[PDB]
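Engineer: PDB entry and its sequence, pasted below:
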Amino acid sequence: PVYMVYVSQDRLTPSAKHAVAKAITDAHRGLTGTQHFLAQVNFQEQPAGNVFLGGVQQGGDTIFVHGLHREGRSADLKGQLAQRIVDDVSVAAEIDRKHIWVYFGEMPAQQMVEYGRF
Amino acid sequence: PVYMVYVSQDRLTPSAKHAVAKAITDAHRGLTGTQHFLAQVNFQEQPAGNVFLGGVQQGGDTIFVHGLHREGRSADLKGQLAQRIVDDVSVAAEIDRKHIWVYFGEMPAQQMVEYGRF
Amino acid sequence: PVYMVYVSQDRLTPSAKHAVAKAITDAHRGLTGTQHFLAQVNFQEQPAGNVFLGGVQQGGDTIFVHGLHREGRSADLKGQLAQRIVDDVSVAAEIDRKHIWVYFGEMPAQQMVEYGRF
């Protein structure tokens, strides 16, 4: 899978980025059984002030995780995975989980290429 | 919902970013009935020259809005919402709406976490 | 369609960005029959060190192509298109295709606006 993680510049130090990537990657392996190296976490940083909630400009605390997954998992499993990402990123980023948004999009495996192969 | 708004650096001043966020957020509330604070607008800025149309490098005017929505709305309603975003962002960004692209992706509610809850 | 291309800053020169955009755009026209000017390629650059694979921080070689398409094409056609993007971006970016990931998401045409029209 690919987890696009949208954060404000300077909110996550390199150590914190590694910790957040580990939290997400461990949650995905542990709950779905997929191998480690298949989980990409891709941080997309923007300057603070680019996030609006209800039209109101925010500081730099929002973390939006957009997970791009293969179709075929149960709703219960996807909910457990989203909840684990919230809990574990809250620990890893030392952040109130009110700041964490997680959306999963799914795709047929036949239109997903990882490491240059299907 | 989350609206990822892809723009070129310097095309939108902070005032214009606030106006565009307000246009999108107001359109989403008004047409779907969802509450204000649930609408995130997340601006993703890149240097001018990173956008190609038909292989041709563009200036800094393209605005691509990628809305990430819960499934369950009618095609007519989604079309009205997309059209309103085009019209209202055209006003808010003082931009020819030939420059505005809007795509909506949808997801089951059970795999969407906002503010740390489902 | 819109192809969001996630790369590390400095991996692609402007010439290489043009070559990669041409590879993707030509593959989409040639295989699907859509017109040239309808294909947007939008490069999203981030500093090297923002990509993790299996929790391990990478250099600047990963290229993730997220294609946003209209629904309605066959699985075989989508697979041929993904494979062509891998091959042709490998040539255009002078890069081992082990570094190239390609995911396609699809949407009803009625919720896709390009150039300010449906």
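Structural biologist: Thanks, I have it. Numbering: from 1, shown residues only, chains lettered A, B, ... in the order given.
Engineer: Okay, strands next: where are they in chain A?
Structural biologist: A:2-8, A:40-46, A:51-53, A:56-57, A:63-70, A:100-107, A:112-113 (DSSP state E).
Engineer: I'd like these as TSV, with mean neighbour count and distance to chain C appended.
Structural biologist: (Each C-beta comes from the backbone N, C-alpha and C, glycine too.) Converted to TSV, the strands of chain A look like this (neighbours: other CB atoms under 10 Å in any protein chain shown; distance: least, CB to the nearest CB, whole Å):
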stretch	mean neighbour count	distance to chain C
strand A:2-8	22	6
strand A:40-46	21	4
strand A:51-53	23	16
strand A:56-57	14	22
strand A:63-70	22	6
strand A:100-107	22	6
strand A:112-113	22	4
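Engineer: Looking at those, which is nearest to residue A:14?
Structural biologist: When the strands of chain A are compared by CB to CB, strand A:40-46 sits nearest residue A:14, at 10.2 Å.
Engineer: Would you mind listing the residues in contact with the residue positioned nearest the centre of chain A?
Structural biologist: When CA atoms, centre = their mean is applied to chain A, the residue found nearest the centroid is residue A:65 (3.4 Å). The contact partners of residue A:65, taken as CB atoms under 8 Å, 6 or more residues apart in numbering or on different chains, are A:3, A:4, A:5, A:6, A:24, A:85, A:89, A:100, A:101, A:102, A:103.
Engineer: hang on, the earlier thing: which of the strands of chain A sits closest to residue B:95?
Structural biologist: Between residue B:95 and the strands of chain A, the tightest spacing by CB to CB is seen for strand A:51-53, at 18.2 Å.
Engineer: Outside of that closest one itself, list whatever touches it.
Structural biologist: Strand A:51-53 has contacts (CB under 8 Å, 6+ apart) with A:8, A:57-58, A:62, B:17-18, B:21, B:25, B:37, B:39-43.
Engineer: measure residue A:25 to residue C:64 for me?
Structural biologist: According to CB to CB, to the nearest Å, residue A:25 stands 16 Å off from residue C:64.
Engineer: List just the one of the strands of chain A that sits closest to residue C:50.
Structural biologist: Nearest of those (CB to CB): strand A:40-46, 4.0 Å.
Engineer: now residue A:9, nearest residue through space, not along the chain?
Structural biologist: residue A:45 (4.7 Å; CB to CB, 6 or more residues apart in numbering or on different chains).
Engineer: So that neighbour versus residue C:79, what's the distance?
Structural biologist: Taking CB to CB, one finds residue A:45 at 33 Å from residue C:79.
Engineer: All good on my end, thank you.
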